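Read top to bottom, the protein sequences are chains q2 and a3.
Note that PDB author numbering has the first sequence beginning at 2, numbered continuously upward.
Note that PDB author numbering has the second sequence beginning at 180, numbered continuously upward.
I have placed the structure first, in the form of structure tokens, so that the comments after it can refer back to it.
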Amino acid sequence: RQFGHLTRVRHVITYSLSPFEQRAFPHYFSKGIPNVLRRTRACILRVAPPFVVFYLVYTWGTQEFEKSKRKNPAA
Amino acid sequence: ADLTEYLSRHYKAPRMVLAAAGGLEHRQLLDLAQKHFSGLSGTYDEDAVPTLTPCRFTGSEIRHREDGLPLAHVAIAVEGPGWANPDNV
């Protein structure tokens, strides 16, 4: 698969500008931070709820380990 | 209306040039130009003079993909030299 026998495409026009004339960082503090906020809100409902389950498991494991370590009779 | 305004705004006497070449005399063409083209125009309407502002060679690309064609056409172009400089030569 080299470059030129891929597909058959009509009806398409691509416009693009030189890399020199458009600037390096177009509004990198006025678009990118609301953009990554939208990215974060679109993912943490499907990523975050397992890891808090793991954090609870970690706390429970260390806590029950020390409680099975400690004994307390009375005589 | 718009054709009227275009005709009145551009087809004006100081920017038109009567050129002839061949078996004729510059006497005779000056005579016939004085007989016909005199009283043509020369005054703009509401002082609305068009003027060439300089333009910007941006530098970019457009590709129009249409695979239902037998051959492919490519053009690539760079900056303008203008007219006056010997860089044209």
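Backbone N, C-alpha and C define an ideal beta-carbon position, used for all residues, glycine too.
Coil, strand or helix - residue i by DSSP
i	result
residue 9 (chain q2)	coil
residue 244 (chain a3)	strand
residue 4 (chain q2)	coil
residue 210 (chain a3)	helix
residue 204 (chain a3)	coil
residue 71 (chain q2)	coil
residue 185 (chain a3)	helix
residue 216 (chain a3)	coil
residue 192 (chain a3)	helix
Identity of the residues DSSP links to residue i by a beta bridge
i	result
residue 239 (chain a3)	18 (chain q2)
Cα-Cα separation between residue i and residue j, rounded to whole angstroms
i	j	result
residue 30 (chain q2)	residue 62 (chain q2)	43 Å
residue 14 (chain q2)	residue 4 (chain q2)	19 Å
residue 256 (chain a3)	residue 48 (chain q2)	51 Å
residue 52 (chain q2)	residue 33 (chain q2)	26 Å
residue 200 (chain a3)	residue 261 (chain a3)	27 Å
Closest Cα partner of residue i within the set the options
i	options	result
residue 184 (chain a3)	224 (chain a3), 218 (chain a3), 207 (chain a3)	224 (chain a3)
residue 249 (chain a3)	4 (chain q2), 41 (chain q2), 11 (chain q2)	11 (chain q2)
residue 212 (chain a3)	192 (chain a3), 201 (chain a3), 197 (chain a3)	197 (chain a3)
residue 187 (chain a3)	219 (chain a3), 200 (chain a3), 215 (chain a3), 243 (chain a3)	219 (chain a3)
residue 234 (chain a3)	226 (chain a3), 245 (chain a3), 258 (chain a3), 181 (chain a3)	258 (chain a3)
residue 254 (chain a3)	189 (chain a3), 194 (chain a3), 238 (chain a3), 204 (chain a3)	238 (chain a3)
Tell me the start and end of each unbroken alpha helix (DSSP H) in the segment 24-63 of chain q2 that is at least 4 residues and wholly inside, in chain order.
-> As far as the segment 24-63 of chain q2 is concerned, its whole alpha helix (DSSP H) runs of at least 4 residues are 33-42.
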